[PDB]
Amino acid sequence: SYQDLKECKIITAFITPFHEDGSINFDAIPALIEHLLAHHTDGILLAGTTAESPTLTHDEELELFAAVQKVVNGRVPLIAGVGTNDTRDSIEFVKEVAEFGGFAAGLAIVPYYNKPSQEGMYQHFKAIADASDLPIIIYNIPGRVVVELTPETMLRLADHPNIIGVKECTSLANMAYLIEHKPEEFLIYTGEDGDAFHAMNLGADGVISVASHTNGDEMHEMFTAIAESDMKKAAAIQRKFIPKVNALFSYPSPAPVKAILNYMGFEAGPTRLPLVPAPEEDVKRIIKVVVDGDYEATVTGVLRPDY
């Protein structure tokens, strides 16, 4: 519900650890979750982009939902990735997730590849929002799906009693407009780690983050500074935060974040194809920029076992 997520500032879009053979590494999940909870993750998004959801089956996502719920144990609210570019598929899966329970919301992305019109988007998100007991957060990211929801269509959907938020990845101008004209019980999150400083100053509710995996402390430091009216401290952190964010996306995410987490000893493992791990040369630089670590010594993307 909205009330469940209301106070969340740093929602982490959780990676999916994989074994070398391509199967999910469930054994690695507890250590990673505890790391997040020890580093100011106050909410967790499962089966998002960062989780490599395109390469996960719906049934694998349900197993992941179970594995994480067991560890988290109601300590922080959870959001489930439920939407695809197929409205029927999204409807059936959100029903399964609502039935499975334990989630504060379902995340549904603006459909990718098929490039729907504003009206298509409207009917897509209305159908998902109508489908179950689980409230919906809209994921708007033209950088990944080409098309984008206009703020006009967004606010029309925001009026739905079962749509309670947006993970907005467009412009700060758009961000400001949504904050200004938002209805009640509707949350506005940025999905852009580099913009979080600006988004929070603008009046956003938080960030749905990749960088909170590895830089949770300094993000909290920055957010605390903003909230405690120490703008000089917040800006200083932000200026130093930007190149770290940039490094985390200097190869297709979540390859960079997985490389750092592997270095930290968290067995994030490789990426599932079509994604490949970051090249060794990039890994050394990435680790140096993001966490100030010294990394030592072709890449292979993996496949979900066909047996």
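Start at 1 and count along the sequence shown; that's the residue number.
Mean C-alpha B factor from the entry: is it higher for 143-151 or for 92-100? Looking at the record's C-alpha B-factors, the answer is 92-100.
Please compare 259-267 with 236-244 and say which has the higher mean C-alpha temperature factor in the record. Taking the mean B-factor of the alpha carbons in each, 259-267 is higher.
Residue with maximal Cα B-factor (values as given in the PDB entry) among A108, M121, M231, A105: That would be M231, according to the entry.
Going by the CA temperature factor in the PDB record, which third of the chain does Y112 belong to: lowest, middle or highest? Its C-alpha B-factor belongs to the lowest third of this chain's values.
In terms of the chain's CA B-factor thirds, is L32 lowest, middle or highest? It belongs to the middle third of the chain when residues are ordered by C-alpha B-factor.
If you rank every modelled residue in this chain by C-alpha B factor, which third holds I10: lowest, middle or highest? Middle third of the chain for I10's C-alpha B-factor.
Give the position of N73 by CA B-factor within its chain, expressed as the lowest, middle or highest third. Highest third, going by the recorded CA B-factors of the chain.
Among the modelled residues of this chain, does the Cα B factor of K126 put it in the lowest, middle or highest third? Answer is middle: the recorded C-alpha B-factor places it there.
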